[PDB]
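One chain comes next, on its own, written out as structure tokens in the form deposited in one PDB entry.
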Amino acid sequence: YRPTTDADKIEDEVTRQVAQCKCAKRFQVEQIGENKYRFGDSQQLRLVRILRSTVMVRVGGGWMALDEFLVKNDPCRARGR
């Protein structure tokens, strides 16, 4: 394995950050195509892109960095909010 495509890089970085969850019921994230993800208990699909090496998640009309999205949504990260 060699990360080469944007889809590959995004998926690796989503994996790295989601793996930091400490919840009893882990915050689940699934790749649904090269550019859409399902996060946590929400069934909503979100676009995900990489821009200058930062992964961003589509949220209400704009883009939010992945780390901030996880702070806002993964219960074990709420103390960063």
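Residue positions are given as counts along the sequence shown, with the first one as 1. Shifts are known only where both forms have a C-alpha. What we label the rigid core is the largest C-alpha set whose atoms superpose within 1.5 Å from one form to the other.
If you look for the form solved in complex with a partner chain, you will not find it shown, but the lines that follow are about it.
Q: Establish, in the entry with it bound, whether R16, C23 and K25 all lie within 4.5 Å of its partner chain, using non-hydrogen atoms for the distance.
A: No, because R16, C23 and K25 lack any heavy atom that approaches its partner chain to within 4.5 Å in the entry with it bound.
Q: Is the gap between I32 and its partner chain in the entry with it bound 4.5 Å or less for some heavy atom pair?
A: No, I32 stays farther than 4.5 Å from its partner chain in the entry with it bound.
Q: Can you check whether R38 is within 4.5 Å of its partner chain in the entry with it bound, heavy atom basis?
A: Because no heavy atom of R38 falls inside 4.5 Å of its partner chain in the entry with it bound, the answer is no.
Q: Which segments, of 3 or more consecutive residues, undergo C-alpha shifts of no less than 2 angstroms between this form and the one not shown following superposition on the core?
A: Core-superposed, just one run shifting 2 Å or more comes out: 41 to 43.
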